[PDB]
Amino acid sequence: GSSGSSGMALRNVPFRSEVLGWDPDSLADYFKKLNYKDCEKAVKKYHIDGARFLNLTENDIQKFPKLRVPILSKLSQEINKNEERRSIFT
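Residues numbered from 1 in each chain as written, not as in the entry; some residues may be left out. Heavy atoms only, no water.

The record lists solution NMR as the method behind this PDB entry.

Listed below in C-alpha cells is the structure:
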C-alpha cells in the first residue's frame, strides 16, 4: 500500500440499520472513535440513542455544541445514506 490513513475526521461512517438499533450509551463510543469526545458526552448525558442521532433535529442540535452542531447534522445524514440498498421505494 501507499496512501496512509489516520482517523480524525469524516472518513468512516456506520450503517443506518446499525444506528437504528444503537443506544444512548453505546452510540457515545462511535464518537469517541471520531475524536468527538465533546459529542459522546452529550450523547450519554442527554441520553441520545443512535435512532435519535440520525433524526438530528433543531430540538436535538440545541443540545449540542456550536463546534459540532454542523458536524453532527452532516454526519447523521451520512449514515442515513449508508443504509444497505435492499428494496426501498421511498
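Okay, back to it.
Student: I would appreciate a short explanation of the pattern of salt bridges in the present structure.
Tutor: Opposite charge on two side chains allows them to pair when their charged atoms are near. Applying the stated criterion across every chain yields a total of two salt bridges. For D25, the salt bridge is made with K44, and the minimal N-O distance between the two is 3.1 Å. Note that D25 is positioned in the loop between α1 (16–19) and α2 (27–33) and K44 in helix α3 (residues 37–45), a separation of 19 residues in sequence. Its relative accessible area of 38% is what places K44 among the partly exposed residues. Salt-bridge contacts for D38 lead to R68; the nearest nitrogen and oxygen are separated by 3.4 Å. Highlighted residues: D38 in helix α3 and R68 in the loop between α5 (58–61) and α6 (69–80), separated in sequence by 30 residues. Residue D38 is classed as partly exposed on the basis of its relative accessible area of 44%. (Salt bridge = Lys/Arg side-chain N within 4 Å of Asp/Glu carboxyl O. Helix = DSSP H or I, 4+ residues; strand = E, 2+ residues; numbered from the N terminus. Buried < 20%, exposed > 50% of the residue type's maximum accessible area, 1.4 Å probe, protein only.)

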